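Novice: I'd like to ask you about the structure that follows.
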Amino acid sequence: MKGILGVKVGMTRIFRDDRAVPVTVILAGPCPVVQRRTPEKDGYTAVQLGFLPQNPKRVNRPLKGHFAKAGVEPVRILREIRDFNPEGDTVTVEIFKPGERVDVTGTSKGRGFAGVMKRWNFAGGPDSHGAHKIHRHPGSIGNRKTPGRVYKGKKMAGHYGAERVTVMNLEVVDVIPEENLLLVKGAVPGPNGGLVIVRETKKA
Amino acid sequence: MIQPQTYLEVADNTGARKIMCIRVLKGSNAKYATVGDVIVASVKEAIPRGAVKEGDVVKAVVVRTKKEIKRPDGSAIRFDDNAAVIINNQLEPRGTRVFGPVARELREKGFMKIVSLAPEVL
Amino acid sequence: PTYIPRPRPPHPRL
Amino acid sequence: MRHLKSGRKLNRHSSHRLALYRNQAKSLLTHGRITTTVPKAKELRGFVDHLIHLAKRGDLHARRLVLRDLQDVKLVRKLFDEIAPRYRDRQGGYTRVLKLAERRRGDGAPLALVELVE
Amino acid sequence: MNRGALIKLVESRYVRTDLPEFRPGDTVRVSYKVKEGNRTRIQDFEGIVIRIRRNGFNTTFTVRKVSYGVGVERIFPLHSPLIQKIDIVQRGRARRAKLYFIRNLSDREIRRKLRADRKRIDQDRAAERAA
Amino acid sequence: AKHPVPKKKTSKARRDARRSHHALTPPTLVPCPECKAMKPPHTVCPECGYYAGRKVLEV
RNA sequence: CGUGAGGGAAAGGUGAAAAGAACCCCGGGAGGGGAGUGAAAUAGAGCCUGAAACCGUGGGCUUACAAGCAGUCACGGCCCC
RNA sequence: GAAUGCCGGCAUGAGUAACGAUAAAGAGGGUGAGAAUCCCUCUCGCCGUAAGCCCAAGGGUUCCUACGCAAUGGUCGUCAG
RNA sequence: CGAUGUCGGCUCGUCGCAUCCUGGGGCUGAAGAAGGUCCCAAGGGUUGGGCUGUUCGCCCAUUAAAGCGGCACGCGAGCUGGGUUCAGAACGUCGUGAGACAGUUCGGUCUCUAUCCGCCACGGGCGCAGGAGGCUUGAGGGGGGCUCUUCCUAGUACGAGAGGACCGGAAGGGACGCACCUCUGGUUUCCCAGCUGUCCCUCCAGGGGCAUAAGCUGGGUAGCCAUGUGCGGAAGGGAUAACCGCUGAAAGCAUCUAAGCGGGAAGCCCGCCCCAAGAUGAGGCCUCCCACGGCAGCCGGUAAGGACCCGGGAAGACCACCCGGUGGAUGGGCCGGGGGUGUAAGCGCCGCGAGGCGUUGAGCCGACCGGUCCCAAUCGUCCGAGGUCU
Ligand SMILES: [Mg+2]
Ligand SMILES: [Mg+2]
Ligand SMILES: [Mg+2]
Ligand SMILES: [Mg+2]
Ligand SMILES: [Mg+2]
Ligand SMILES: [Mg+2]
Ligand SMILES: [Mg+2]
Ligand SMILES: [Mg+2]
Ligand SMILES: [Mg+2]
Ligand SMILES: [Mg+2]
Ligand SMILES: [Mg+2]
Ligand SMILES: [Mg+2]
Ligand SMILES: [Mg+2]
Ligand SMILES: [Mg+2]
Ligand SMILES: [Mg+2]
Ligand SMILES: [Mg+2]
Ligand SMILES: [Mg+2]
Ligand SMILES: [Mg+2]
Ligand SMILES: [Mg+2]
Ligand SMILES: [Mg+2]
Ligand SMILES: [Mg+2]
Ligand SMILES: [Mg+2]
Ligand SMILES: [Mg+2]
Ligand SMILES: [Mg+2]
Ligand SMILES: [Mg+2]
Ligand SMILES: [Mg+2]
Ligand SMILES: [Mg+2]
Ligand SMILES: [Mg+2]
Ligand SMILES: [Mg+2]
Ligand SMILES: [Mg+2]
Ligand SMILES: [Mg+2]
Ligand SMILES: [Mg+2]
Ligand SMILES: [Mg+2]
Ligand SMILES: [Mg+2]
Ligand SMILES: [Mg+2]
Ligand SMILES: [Mg+2]
Ligand SMILES: [Mg+2]
Ligand SMILES: [Mg+2]
Ligand SMILES: [Mg+2]
Ligand SMILES: [Mg+2]
Ligand SMILES: [Mg+2]
Ligand SMILES: [Mg+2]
Ligand SMILES: [Mg+2]
Ligand SMILES: [Mg+2]
Ligand SMILES: [Mg+2]
Ligand SMILES: [Mg+2]
Ligand SMILES: [Mg+2]
Ligand SMILES: [Mg+2]
Ligand SMILES: [Mg+2]
Ligand SMILES: [Mg+2]
Ligand SMILES: [Mg+2]
Ligand SMILES: [Mg+2]
Ligand SMILES: [Mg+2]
Ligand SMILES: [Mg+2]
Ligand SMILES: [Mg+2]
Ligand SMILES: [Mg+2]
Ligand SMILES: [Mg+2]
Ligand SMILES: [Mg+2]
Ligand SMILES: [Mg+2]
Ligand SMILES: [Mg+2]
Ligand SMILES: [Mg+2]
Ligand SMILES: [Mg+2]
Ligand SMILES: [Mg+2]
Ligand SMILES: [Mg+2]
Ligand SMILES: [Mg+2]
Ligand SMILES: [Mg+2]
Ligand SMILES: [Mg+2]
Ligand SMILES: [Mg+2]
Ligand SMILES: [Mg+2]
Ligand SMILES: [Mg+2]
Ligand SMILES: [Mg+2]
Ligand SMILES: [Mg+2]
Ligand SMILES: [Mg+2]
Ligand SMILES: [Mg+2]
Ligand SMILES: [Mg+2]
Ligand SMILES: [Mg+2]
Ligand SMILES: [Mg+2]
Ligand SMILES: [Mg+2]
Ligand SMILES: [Mg+2]
Ligand SMILES: [Mg+2]
Ligand SMILES: [Mg+2]
Ligand SMILES: [Mg+2]
Ligand SMILES: [Mg+2]
Ligand SMILES: [Mg+2]
Ligand SMILES: [Mg+2]
Ligand SMILES: [Mg+2]
Ligand SMILES: [Mg+2]
Ligand SMILES: [Mg+2]
Ligand SMILES: [Mg+2]
Ligand SMILES: [Mg+2]
Ligand SMILES: [Mg+2]
Ligand SMILES: [Mg+2]
Ligand SMILES: [Mg+2]
Ligand SMILES: [Mg+2]
Ligand SMILES: [Mg+2]
Ligand SMILES: [Mg+2]
Ligand SMILES: [Mg+2]
Ligand SMILES: [Mg+2]
Ligand SMILES: [Mg+2]
Ligand SMILES: [Mg+2]
Ligand SMILES: [Mg+2]
Ligand SMILES: [Mg+2]
Ligand SMILES: [Mg+2]
Ligand SMILES: [Mg+2]
Ligand SMILES: [Mg+2]
Ligand SMILES: [Mg+2]
Ligand SMILES: [Mg+2]
Ligand SMILES: [Mg+2]
Ligand SMILES: [Mg+2]
Ligand SMILES: [Mg+2]
Ligand SMILES: [Mg+2]
Ligand SMILES: [Mg+2]
Ligand SMILES: [Mg+2]
Ligand SMILES: [Mg+2]
Ligand SMILES: [Mg+2]
Ligand SMILES: [Mg+2]
Ligand SMILES: [Mg+2]
Ligand SMILES: [Mg+2]
Ligand SMILES: [Mg+2]
Ligand SMILES: [Mg+2]
Ligand SMILES: [Mg+2]
Ligand SMILES: [Mg+2]
Ligand SMILES: [Mg+2]
Ligand SMILES: [Mg+2]
Ligand SMILES: [Mg+2]
Ligand SMILES: [Mg+2]
Ligand SMILES: [Mg+2]
Ligand SMILES: [Mg+2]
Ligand SMILES: [Mg+2]
Ligand SMILES: [Mg+2]
Ligand SMILES: [Mg+2]
Ligand SMILES: [Mg+2]
Ligand SMILES: [Mg+2]
Ligand SMILES: [Mg+2]
Ligand SMILES: [Mg+2]
Ligand SMILES: [Mg+2]
Ligand SMILES: [Mg+2]
Ligand SMILES: [Mg+2]
Ligand SMILES: [Mg+2]
Ligand SMILES: [Mg+2]
Ligand SMILES: [Mg+2]
Ligand SMILES: [Mg+2]
Ligand SMILES: [Mg+2]
Ligand SMILES: [Mg+2]
Ligand SMILES: [Mg+2]
Ligand SMILES: [Mg+2]
Ligand SMILES: [Mg+2]
Ligand SMILES: [Mg+2]
Ligand SMILES: [Mg+2]
Ligand SMILES: [Mg+2]
Ligand SMILES: [Mg+2]
Ligand SMILES: [Mg+2]
Ligand SMILES: [Mg+2]
Ligand SMILES: [Mg+2]
Ligand SMILES: [Mg+2]
Ligand SMILES: [Mg+2]
Ligand SMILES: [Mg+2]
Ligand SMILES: [Mg+2]
Ligand SMILES: [Mg+2]
Ligand SMILES: [Mg+2]
Ligand SMILES: [Mg+2]
Ligand SMILES: [Mg+2]
Ligand SMILES: [Mg+2]
Ligand SMILES: [Mg+2]
Ligand SMILES: [Mg+2]
Ligand SMILES: [Mg+2]
Ligand SMILES: [Mg+2]
Ligand SMILES: [Mg+2]
Ligand SMILES: [Mg+2]
Ligand SMILES: [Mg+2]
Ligand SMILES: [Mg+2]
Ligand SMILES: [Mg+2]
Ligand SMILES: [Zn+2]
């Protein structure tokens, strides 16, 4: 298993064997190893990486001593990669070669309080033929006296988006290590400027 | 984007001029036919002494559509109408000629007779 | 006790 | 949702809002300082800045552009002749907004002042 | 970081430059490389460019042509490597950027509405007087 | 609708418990550097008319 | 209230005596705080007595892993006499 | 202690729905203990076979002016039928 | 009976299993292919139409299939109201009659405000024996689970022929789900142009109001989007169902079983995605502060930190969350690029003129990508450990 942190730059498309290829561009590297997790000290294996340099005048004392115990300049974000144990102390995009498959995690776009039609693709109501103020409504939520309650997990309106989402089996399309770029074919969760994680794919 | 109730101009010389799609032959519940897709239709308007006549329930292949078809090279093509060519159960054209341009998509989908007969494959 | 608002008709349970 | 949308609405349709901004532009340019509410104040900045900038350019075209929102030759004359010259080397930032300590009694609204700068 | 610039950077390897600028209302001939399994050949497509939508590398123009009785529009990507070449055949004058209206016009009404752009035709002939 | 209604009167315990979130936050205040009078931060001082270290309006 | 015939309420009590609170203080006023009257002013005119529901301030015990017709029985803790 | 009892009082729902045409407002100046709400000016909008003007019915001082803001005004009020 | 709203439809599902399809099997009057019958299996799936108020049913066109039932014949404080089920009117029929009818016909008021449980979301409090900033383990949950065609193997096995495999291997689809906006396609309430009437500024020229809460029309960035794009169902490991066995007695034979072992499903456990230590059983690791002054208690000044206040944000109903606060690019302006519009005003020339041409891809120009301290995030305030006992 290998992973690296990154930022979603945006989408475009390239041309590869006379074929339009939609791609998302990820500024991934470079990620300093900040702490390693061993089954000795921690009970599992992982590598806490760092990403994006931070103004020292904004890094408080508990965190300063954490980076110092690794000899790493203070960084904005710290995320771990499970069961990944690199050799060096820096993880760069050259750990991905074109033609590989990756899974990408991001924070999906925040739809806020979302109705049942937008959230759950409910059919809504009719818009004519006598419908009375129910055009975007969910209809029935239960039975009658039996069971006398609404199930847990019932699909209702409420906050939708800004949650953790992972797309799987995204083809790596190109790697531009001089700019620490990573071209992935397809869509990636969340907005441009958002944070992503780019692991090896668990599909086969 | 052809669905049941859609009218299509008849692109061949079978005698039919308009057909109204009643089914999309593409699995259990496909919603739409585009170029290359077989449909079942009803002859709504034919000329007299034709191989087909109004009322016939015939098969057809859609050869050009008003909605654009996209392509792997990033290009897209759209026509001024939805048109179709009437075919037999072995996918061959019941007629003798095909009027107008046809979608290149018809080639790889196995309509090489209809592509040959076309005055132009766009 | 000014005006007596007449009550809604019941649902026809016939 | 509202993602990446620029523009306050201020509970006014398309033509009321504009007339609000144009009436506030007229009043501020006229008196040099007006008091309004904080949200209205923040939006008036850019509306008024652009006019002052157009006056700095001084061409006939600009005058007629400005006159579309201000409609007062005399005030537009004052804007081109007295106001614009004292910003010749100021690259933007022709206005400022400073919040006020007290609220109105009848609707508790927070106020602020808007003024042209020096 | 400059996200726009990175995008621009990623695109640069594919940006064409060798194509004649044109405008909606121009009549143009696109020579487009297309494959007829498994051979590949050039298929010309001549028509009025009715529309150009700009997005840097992602610009795409729409060309309209009537063909054996049926109106046909194709959309090309202005940097597609499938475009072999583009030839300007007529320079027409539009009053607006998008010409969807000509879809409902007669042949003579189109000709009346898009009269020859003498000013840019003079430029096309003004050039090609080179070394 | 079919006109929903409360089914029992709310006990003094449940009523006041719903108000367990109804207390006011005392106003945020800071001393003014010039006249030392207490006032909310980020506003012109209403007592001496000073902000950012200068006179800004009459009071 | 009802066009009308007609229907048809609620609402008593300062103190022995107005001695019904000069004057001063806060306040726009209302209201209060002093001063004064009285045997008595939580008899101050929104006035005898001043019950209960109901609202509140303060104090003692108690309560944020708990299953309830709210009590009863037992033991233990804390507070008071 | 019960009569969907009678009269009175006070709770709950609740700081909740609502504050009565989506013609529309902004600023400056003045008054005043107090001003989004009163006066003045400037800008903006609405009506104009009317949302302007004049009669009759009906209403009965609501007219004009001064001094007022407890209540009435669905907020505020220094303004007012 | 001091009221338990009644058909059908819509919406929304959830369960059963006597299984419609898909998976696994035994027997076959099972050559192959395709069927029949019974067993195991409820994971997923189970189409669009014509008629009728219909449920039902018939029909058309498909499909792997177009399953049957429970949930107050599920669901009217969720909708509908065509039918039933008031008062009108008429037909047939019955009644001298008034009127009557599981007889027909046309029409006929469906109630803004959710208190408690339940459900979807989001906080506040306290707790997790010192206080803090991070990063995490995953007990336990939830989600997901479908399937078809074509090709190779091979016109081989099988078959007189027609027809036509297993096993194994490729490619492409339908529907569904999550995400996204590069392309395609929407919108884009003032981003640009054009246009009529009228009132106006200022007479021309140029413009502004109104004609809708954009006057109309042609366009249209960001965002939000599907009709558009990416990706998912798995693989694999384990244990089983029916069923098939190996070895094997009782019972010299035989027997899948009594000792023991093996194979075997779209199902089950795990695996994948998401939540998740209020998991009070309150977990772990990295790092920071640390004996404060005075009478497991209290009252004070601090610590590491935190909150307030502010500028804001593809975060958002409030709240919360995330970023920034002058040692600063957070918002606003200004500048550049993008992008939209499609050649401004003014002047010069031409035409009696409406106009035309040039200056000119001009002018105007929201949100996009960046730059720049020009304006505003001034100045500050308040909380906040001294670590119980064995
Ligand atoms: Mg993340
Ligand atoms: Mg959704
Ligand atoms: Mg949807
Ligand atoms: Mg709908
Ligand atoms: Mg209705
Ligand atoms: Mg309703
Ligand atoms: Mg409606
Ligand atoms: Mg909805
Ligand atoms: Mg019911
Ligand atoms: Mg129950
Ligand atoms: Mg969220
Ligand atoms: Mg016929
Ligand atoms: Mg006919
Ligand atoms: Mg034709
Ligand atoms: Mg909206
Ligand atoms: Mg912004
Ligand atoms: Mg409002
Ligand atoms: Mg308007
Ligand atoms: Mg501007
Ligand atoms: Mg301020
Ligand atoms: Mg304030
Ligand atoms: Mg109802
Ligand atoms: Mg209703
Ligand atoms: Mg109600
Ligand atoms: Mg309650
Ligand atoms: Mg009470
Ligand atoms: Mg209480
Ligand atoms: Mg109580
Ligand atoms: Mg309560
Ligand atoms: Mg409350
Ligand atoms: Mg409280
Ligand atoms: Mg009366
Ligand atoms: Mg009377
Ligand atoms: Mg009496
Ligand atoms: Mg007496
Ligand atoms: Mg007396
Ligand atoms: Mg006495
Ligand atoms: Mg007396
Ligand atoms: Mg005084
Ligand atoms: Mg007094
Ligand atoms: Mg007092
Ligand atoms: Mg007194
Ligand atoms: Mg005595
Ligand atoms: Mg007493
Ligand atoms: Mg007494
Ligand atoms: Mg007495
Ligand atoms: Mg008393
Ligand atoms: Mg009393
Ligand atoms: Mg108490
Ligand atoms: Mg427990
Ligand atoms: Mg406890
Ligand atoms: Mg005991
Ligand atoms: Mg009794
Ligand atoms: Mg009683
Ligand atoms: Mg009573
Ligand atoms: Mg009450
Ligand atoms: Mg009451
Ligand atoms: Mg509230
Ligand atoms: Mg309520
Ligand atoms: Mg509410
Ligand atoms: Mg109400
Ligand atoms: Mg409200
Ligand atoms: Mg109302
Ligand atoms: Mg009103
Ligand atoms: Mg109103
Ligand atoms: Mg209007
Ligand atoms: Mg103004
Ligand atoms: Mg004023
Ligand atoms: Mg006022
Ligand atoms: Mg006032
Ligand atoms: Mg006035
Ligand atoms: Mg008139
Ligand atoms: Mg009179
Ligand atoms: Mg009267
Ligand atoms: Mg008067
Ligand atoms: Mg007066
Ligand atoms: Mg009053
Ligand atoms: Mg008052
Ligand atoms: Mg008063
Ligand atoms: Mg009085
Ligand atoms: Mg009142
Ligand atoms: Mg009042
Ligand atoms: Mg009122
Ligand atoms: Mg007031
Ligand atoms: Mg007064
Ligand atoms: Mg009953
Ligand atoms: Mg009752
Ligand atoms: Mg009852
Ligand atoms: Mg009842
Ligand atoms: Mg069911
Ligand atoms: Mg069974
Ligand atoms: Mg089966
Ligand atoms: Mg089988
Ligand atoms: Mg079988
Ligand atoms: Mg056989
Ligand atoms: Mg077989
Ligand atoms: Mg099943
Ligand atoms: Mg089922
Ligand atoms: Mg059906
Ligand atoms: Mg029909
Ligand atoms: Mg039907
Ligand atoms: Mg039916
Ligand atoms: Mg039937
Ligand atoms: Mg089958
Ligand atoms: Mg029912
Ligand atoms: Mg049912
Ligand atoms: Mg029902
Ligand atoms: Mg109803
Ligand atoms: Mg119903
Ligand atoms: Mg119900
Ligand atoms: Mg109900
Ligand atoms: Mg009916
Ligand atoms: Mg009806
Ligand atoms: Mg009746
Ligand atoms: Mg008869
Ligand atoms: Mg008779
Ligand atoms: Mg009849
Ligand atoms: Mg009827
Ligand atoms: Mg009718
Ligand atoms: Mg009837
Ligand atoms: Mg009605
Ligand atoms: Mg009601
Ligand atoms: Mg509630
Ligand atoms: Mg309850
Ligand atoms: Mg919490
Ligand atoms: Mg912990
Ligand atoms: Mg688990
Ligand atoms: Mg639990
Ligand atoms: Mg073969
Ligand atoms: Mg043979
Ligand atoms: Mg196979
Ligand atoms: Mg875009
Ligand atoms: Mg788009
Ligand atoms: Mg588009
Ligand atoms: Mg577009
Ligand atoms: Mg757009
Ligand atoms: Mg504009
Ligand atoms: Mg306009
Ligand atoms: Mg005009
Ligand atoms: Mg003019
Ligand atoms: Mg006007
Ligand atoms: Mg008007
Ligand atoms: Mg209209
Ligand atoms: Mg438009
Ligand atoms: Mg459009
Ligand atoms: Mg398995
Ligand atoms: Mg055997
Ligand atoms: Mg044996
Ligand atoms: Mg055994
Ligand atoms: Mg086994
Ligand atoms: Mg096994
Ligand atoms: Mg499967
Ligand atoms: Mg987590
Ligand atoms: Mg955790
Ligand atoms: Mg437990
Ligand atoms: Mg914990
Ligand atoms: Mg905010
Ligand atoms: Mg901060
Ligand atoms: Mg600071
Ligand atoms: Mg900035
Ligand atoms: Mg900036
Ligand atoms: Mg710009
Ligand atoms: Mg540009
Ligand atoms: Mg451009
Ligand atoms: Mg020109
Ligand atoms: Mg010009
Ligand atoms: Mg001109
Ligand atoms: Mg002349
Ligand atoms: Mg331009
Ligand atoms: Mg620009
Ligand atoms: Mg700098
Ligand atoms: Mg301070
Ligand atoms: Zn001060």
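Labels used: A, B, ... for chains in the order of the structure tokens, numbers from 1 for residues in each chain, and numbers from 1 for ligands as shown.
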Check which residues fall inside 10 Å of ligand 122 when counting only C-alpha atoms (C1' of nucleotides) and all ligand atoms, and print them as a list in words.

Specialist: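 After applying the 10 Å limit, what remains is residues 8 of chain C; 1, 2, 3 and 4 of chain F; 111, 112 and 113 of chain I.
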
Novice: List every residue of chain H that has an atom at most 10 Å from any atom of ligand 59, and for each one report the closest atom pair and its distance in Å to one decimal, counting only C-alpha atoms (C1' of nucleotides) and all ligand atoms, with rows sorted by chain and then by increasing residue number, as JSON lines.

Specialist:
```
{"residue": "H:13", "atom": "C1'", "partner": "ligand 59", "partner_atom_place_in_ligand_line": "1 (Mg)", "distance": 7.4}
{"residue": "H:14", "atom": "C1'", "partner": "ligand 59", "partner_atom_place_in_ligand_line": "1 (Mg)", "distance": 7.2}
{"residue": "H:16", "atom": "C1'", "partner": "ligand 59", "partner_atom_place_in_ligand_line": "1 (Mg)", "distance": 4.8}
{"residue": "H:17", "atom": "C1'", "partner": "ligand 59", "partner_atom_place_in_ligand_line": "1 (Mg)", "distance": 8.1}
```

Novice: Please, could you write that set of residues out with N, CA and C atoms (P, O5', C5', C4', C3', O3' and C1' of nucleotides) as a PDB file, in the first residue's frame?

Specialist:
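Resulting contents of again06.pdb:
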```
ATOM      1  P     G H  13     -45.392  25.885  27.157  1.00  0.00           P
ATOM      2  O5'   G H  13     -45.969  25.616  25.702  1.00  0.00           O
ATOM      3  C5'   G H  13     -46.160  24.294  25.222  1.00  0.00           C
ATOM      4  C4'   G H  13     -47.156  24.288  24.099  1.00  0.00           C
ATOM      5  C3'   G H  13     -46.876  25.295  23.000  1.00  0.00           C
ATOM      6  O3'   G H  13     -45.982  24.768  22.051  1.00  0.00           O
ATOM      7  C1'   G H  13     -49.125  25.493  23.693  1.00  0.00           C
ATOM      8  P     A H  14     -45.103  25.731  21.132  1.00  0.00           P
ATOM      9  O5'   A H  14     -44.396  26.744  22.117  1.00  0.00           O
ATOM     10  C5'   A H  14     -43.185  27.347  21.698  1.00  0.00           C
ATOM     11  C4'   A H  14     -42.943  28.655  22.391  1.00  0.00           C
ATOM     12  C3'   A H  14     -42.814  28.553  23.895  1.00  0.00           C
ATOM     13  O3'   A H  14     -41.858  29.495  24.318  1.00  0.00           O
ATOM     14  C1'   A H  14     -44.593  29.996  23.355  1.00  0.00           C
ATOM     15  P     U H  16     -40.318  33.345  19.186  1.00  0.00           P
ATOM     16  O5'   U H  16     -40.947  32.274  18.197  1.00  0.00           O
ATOM     17  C5'   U H  16     -40.546  30.917  18.230  1.00  0.00           C
ATOM     18  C4'   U H  16     -41.726  30.016  17.980  1.00  0.00           C
ATOM     19  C3'   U H  16     -42.708  30.510  16.928  1.00  0.00           C
ATOM     20  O3'   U H  16     -42.312  30.163  15.611  1.00  0.00           O
ATOM     21  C1'   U H  16     -43.889  29.820  18.871  1.00  0.00           C
ATOM     22  P     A H  17     -42.445  31.247  14.438  1.00  0.00           P
ATOM     23  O5'   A H  17     -44.000  31.252  14.101  1.00  0.00           O
ATOM     24  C5'   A H  17     -44.565  30.247  13.274  1.00  0.00           C
ATOM     25  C4'   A H  17     -46.032  30.482  13.065  1.00  0.00           C
ATOM     26  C3'   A H  17     -46.418  31.805  12.433  1.00  0.00           C
ATOM     27  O3'   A H  17     -46.238  31.821  11.026  1.00  0.00           O
ATOM     28  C1'   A H  17     -47.791  31.411  14.301  1.00  0.00           C
TER      29        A H  17
END
```

Novice: Given a cut-off of 9 Å, what residues near ligand 139 show up using only C-alpha atoms (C1' of nucleotides) and all ligand atoms, put as a list in words?

Specialist: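 The neighbouring residues of ligand 139 are, in order, residues 197, 198, 199, 207, 208, 209 and 210 of chain I.
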
Novice: So which bits of chain F end up helix (DSSP H, G or I) when you DSSP the backbone, as a list in words?

Specialist: residues 12, 13, 14, 15, 16, 17, 18, 19, 20 and 21 of chain F

Novice: Could you please determine the separation between atom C1' of residue 12 of chain I and atom CA of residue 139 of chain A in Å, to one decimal place?

Specialist: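 One can read the atom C1' of residue 12 of chain I to atom CA of residue 139 of chain A distance as 5.7 Å.
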
Novice: Show me, as a list in words, the residues that have an atom within 12 Å of residue 75 of chain B when counting only C-alpha atoms (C1' of nucleotides), minus same-chain residues fewer than 5 positions from it.

Specialist: residues 15, 18, 19 and 20 of chain A; 68, 69, 70 and 122 of chain B; 32, 33, 34, 60, 61, 62, 63, 73, 74, 75, 76, 77, 78, 79, 80, 81, 82 and 83 of chain E; 183 and 184 of chain I

Novice: Give me, as a Markdown table, the closest atom pair and its distance (Å, one decimal) for every residue of chain F within a cut-off of 7 Å of chain D, counting only C-alpha atoms, rows sorted by chain and rising number.

Specialist:
```
| residue | atom | partner | partner_atom | distance |
| --- | --- | --- | --- | --- |
| F:40 | CA | D:101 | CA | 6.7 |
| F:42 | CA | D:99 | CA | 6.8 |
| F:43 | CA | D:99 | CA | 4.8 |
| F:44 | CA | D:100 | CA | 5.5 |
| F:45 | CA | D:101 | CA | 6.6 |
| F:46 | CA | D:101 | CA | 6.1 |
```

Novice: Write out as a PDB file with N, CA, C and O atoms (P, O5', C5', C4', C3', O3' and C1' of nucleotides), in the first residue's frame each polymer residue whose atoms come within 12 Å of segment 46-55 of chain H, counting only C-alpha atoms (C1' of nucleotides); drop sequence neighbours fewer than 5 positions from it.

Specialist:
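Final file, selection.pdb:
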```pdb
ATOM      1  P     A H  23     -47.890  44.843  -4.435  1.00  0.00           P
ATOM      2  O5'   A H  23     -47.622  46.237  -5.148  1.00  0.00           O
ATOM      3  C5'   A H  23     -46.569  46.383  -6.080  1.00  0.00           C
ATOM      4  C4'   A H  23     -45.864  47.692  -5.882  1.00  0.00           C
ATOM      5  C3'   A H  23     -45.360  47.950  -4.480  1.00  0.00           C
ATOM      6  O3'   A H  23     -44.141  47.269  -4.242  1.00  0.00           O
ATOM      7  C1'   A H  23     -46.462  49.878  -5.280  1.00  0.00           C
ATOM      8  P     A H  24     -43.749  46.776  -2.771  1.00  0.00           P
ATOM      9  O5'   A H  24     -42.435  47.630  -2.472  1.00  0.00           O
ATOM     10  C5'   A H  24     -41.787  47.599  -1.205  1.00  0.00           C
ATOM     11  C4'   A H  24     -41.070  48.895  -0.901  1.00  0.00           C
ATOM     12  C3'   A H  24     -41.922  50.163  -0.954  1.00  0.00           C
ATOM     13  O3'   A H  24     -41.444  51.084   0.032  1.00  0.00           O
ATOM     14  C1'   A H  24     -40.123  50.373  -2.447  1.00  0.00           C
ATOM     15  P     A H  25     -41.286  50.665   1.580  1.00  0.00           P
ATOM     16  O5'   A H  25     -39.762  50.248   1.703  1.00  0.00           O
ATOM     17  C5'   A H  25     -38.784  51.170   2.139  1.00  0.00           C
ATOM     18  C4'   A H  25     -37.642  51.233   1.170  1.00  0.00           C
ATOM     19  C3'   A H  25     -36.530  52.212   1.527  1.00  0.00           C
ATOM     20  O3'   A H  25     -35.585  51.647   2.418  1.00  0.00           O
ATOM     21  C1'   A H  25     -37.222  52.616  -0.677  1.00  0.00           C
TER      22        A H  25
ATOM     23  P     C I 210     -37.354  50.906 -13.141  1.00  0.00           P
ATOM     24  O5'   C I 210     -38.745  50.907 -13.913  1.00  0.00           O
ATOM     25  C5'   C I 210     -39.915  51.359 -13.252  1.00  0.00           C
ATOM     26  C4'   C I 210     -41.085  51.504 -14.193  1.00  0.00           C
ATOM     27  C3'   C I 210     -41.490  50.275 -14.987  1.00  0.00           C
ATOM     28  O3'   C I 210     -42.288  49.395 -14.219  1.00  0.00           O
ATOM     29  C1'   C I 210     -41.506  52.190 -16.383  1.00  0.00           C
TER      30        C I 210
END
```

Novice: For residue 137 of chain A, please output as JSON, numbers by chain all residues within 10 Å (counting only C-alpha atoms (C1' of nucleotides); exclusion window: fewer than 4 positions along the same chain).

Specialist: {"A": [115, 116, 117, 122, 123, 124, 125, 126, 133, 156, 157], "I": [11, 78, 79]}

Novice: Throw together the list of residues within 9 Å of ligand 82, counting only C-alpha atoms (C1' of nucleotides) and all ligand atoms, and drop it here as a VMD selection string.

Specialist: chain H and resid 72 to 77

Novice: Kindly export the residues of the current selection with C-alpha atoms (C1' of nucleotides), as a PDB file, in the first residue's frame.

Specialist:
```
ATOM      1  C1'   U H  72     -56.367  53.183  21.687  1.00  0.00           C
ATOM      2  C1'   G H  73     -52.523  52.743  16.749  1.00  0.00           C
ATOM      3  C1'   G H  74     -51.079  45.100  15.369  1.00  0.00           C
ATOM      4  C1'   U H  75     -43.906  47.876  16.142  1.00  0.00           C
ATOM      5  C1'   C H  76     -42.173  52.906  17.519  1.00  0.00           C
ATOM      6  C1'   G H  77     -44.216  57.557  18.234  1.00  0.00           C
TER       7        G H  77
END
```

Novice: Find the residues near residue 172 of chain A: any atom within 6 Å, counting only C-alpha atoms (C1' of nucleotides), skip ones fewer than 3 places away on the same chain, and give them as a list in words.

Specialist: residues 98, 99, 100, 101 and 184 of chain A

Novice: Please report as a PyMOL selection string which residues of chain A come no farther than 10 Å from chain D, using only C-alpha atoms.

Specialist: chain A and resi 109-114
